[PDB]
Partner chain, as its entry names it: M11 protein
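Next up: just one chain, as structure tokens, the form solved without the partner chain.
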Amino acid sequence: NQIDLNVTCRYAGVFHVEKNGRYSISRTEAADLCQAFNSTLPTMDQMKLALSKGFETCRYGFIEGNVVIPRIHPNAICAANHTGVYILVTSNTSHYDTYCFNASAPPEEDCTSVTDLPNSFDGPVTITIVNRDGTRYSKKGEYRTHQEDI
């Protein structure tokens, strides 16, 4: 009973979380997952500031109100070569990665590793935070509050 959460650097408190190496997070699960990191879904303004500090990914993820990809450099296979906060317009499907915003993180680029999941609750799952440099932090718990997400 295990969940892997791959996380990035934070940029003005915003970071990306990919669950189990595939698009697998619902909008309700995303809010609960950010809450376990003492974080919230970013606002579009928070995401635009993160972008300006150096944040980009090549994966769709929830923010408040939309599903987006922050892009700095044009790449043909990432958001159809767009730059800026690219907003997903048309999709049949509902499951993506998520972004999260931690207000207590540093104001600019923070590429230190994530070493805690401070607000998860009691439960049976082994949750492992996997950093880009491979360092890992694991704890037994749960973060999903909606049974349909379990």
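Positions refer to the first chain, counted from 1. Between two forms, the rigid core is defined as the largest C-alpha subset superposing within 1.5 Å. Shifts are known only where both forms have a C-alpha.
The same protein also has a form solved in complex with the partner chain, omitted here; what follows describes it.
**Q** Though only this chain appears here, would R27 touch the partner chain in the deposited complex if you measure heavy atom gaps against 4.5 Å?
**A** Close contact is absent here: in the deposited complex, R27 is far from the partner chain, nothing within 4.5 Å, heavy atoms only.
**Q** Evaluate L51 for contact with the partner chain in the deposited complex, applying a 4.5 angstroms cut-off between non-hydrogen atoms, and reply yes or no.
**A** Outside the cut-off, so no.
**Q** Though only this chain appears here, would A103 touch the partner chain in the deposited complex if you measure heavy atom gaps against 4.5 Å?
**A** No, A103 stays farther than 4.5 Å from the partner chain in the deposited complex.
**Q** Taking 4.5 angstroms as the cut-off for heavy atoms, does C111 touch the partner chain in the deposited complex?
**A** Heavy-atom contact with the partner chain at 4.5 Å: absent for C111.
**Q** Considering the partner chain in the deposited complex, which of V85, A31, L117, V125 comes within 4.5 Å of it through any heavy atom?
**A** Comparing distances to the partner chain in the deposited complex, the residue within 4.5 Å is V85.
**Q** Partner absent here, but in the deposited complex, which of 117 to 125, 88 to 96, 32 to 40, 103 to 111 has residues with a heavy atom within 4.5 Å of the partner chain?
**A** Single hit among the candidates: 88 to 96.
**Q** At 4.5 Å, heavy atom to heavy atom, what parts of 57 to 88 sit next to the partner chain in the deposited complex? List them in sequence order, or say none.
**A** Counting only heavy atoms within 4.5 Å of the partner chain in the deposited complex, the contacting residues of 57 to 88 are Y60, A76, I77, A79, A80, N81, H82, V85, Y86, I87, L88.
**Q** Shifts of 2 Å or more at the CA atom, core superposed, between this form and the one not shown: which of the listed residues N38, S52, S91, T83 is the one?
**A** After core superposition, the one over threshold is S91.
**Q** Since the Cα-Cα distance for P74 and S91 shifts by 3 angstroms or more in the deposited complex, is it a contraction (closer) or an expansion (farther)?
**A** Compared with the shown chain, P74-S91 is farther in the deposited complex.
**Q** Compared with this form, is the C78-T93 Cα separation smaller or larger in the deposited complex, the difference being 3 Å or more?
**A** Farther apart in the deposited complex, by 3 Å or more.
**Q** Provide the ranges, sorted by sequence, of consecutive runs with at least 3 residues in which each Cα shifts 2 Å or more between this form and the one not shown, based on a superposition on the core.
**A** Three-plus residue run displaced between this form and the one not shown: 89 to 93, uniquely.
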